[PDB]
């Protein structure tokens, strides 16, 4: 997260870190057994780390649970990033309390101008590289479809939206991938892609979660 703030420990209780020997992506806990992330975060051997603040220090609220199965969206295209969503099942159910909690799925799509909270352990610099240990947060608005398409000609599908600031300076970044965009207490986006980070006229692009609620629910019901 570039141009954000330190969230505070366990203030984003649905935020998970996906670990394969090291943090590599965010995700969002959506029930005791299941995490939503980006398909471009797929790999084998994932351990889901819930209750994290400092990802390099055991602070007392962690739950580390290996994934039993990952399901990339049936129509994910890794070239275009269309349908950049993946479900991860935990081998055991997480213990839920105020520091580790699921986030609700949307019942309706969000509109441009809605304010959201984007979070993660990704790079905090727009030029060069610095990875935080503690969770970072950014409040940002959803942008109009027309401004999103104008920013990224030929690239924005109906399964994507832009959020952030066209002036630059405030965005998600590498290592935030897969993590949440939460608006009015609902998971509306997944950190997906962008050109660099926090660049002028190049906002963040996010998977439009409201399009996937049917698929998420039916997948959970049978897996």
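Positions refer to the first chain, counted from 1.
For the pair 139-147 and 107-115, the record assigns the higher mean C-alpha temperature factor to 107-115.
When the C-alpha B-factors of 175-183 and 40-48 are averaged, 40-48 comes out higher. In this entry, the residue among 199, 15, 11, 207 with the greatest C-alpha B factor is 199. Of the candidates 189, 164, 60, 27, the PDB record gives 60 the highest C-alpha temperature factor. Ranked by Cα temperature factor within the chain, residue 7 sits in the middle third according to the deposited record. Remark: residue 120 belongs to the lowest third of its chain, ranked by C-alpha B-factor as recorded. Remark: residue 221 belongs to the highest third of its chain, ranked by C-alpha B-factor as recorded. Among the modelled residues of its chain, residue 92 has a C-alpha B-factor that falls in the highest third, as given in the PDB entry. In the PDB entry, residue 85 places in the lowest third of its chain by CA B-factor.
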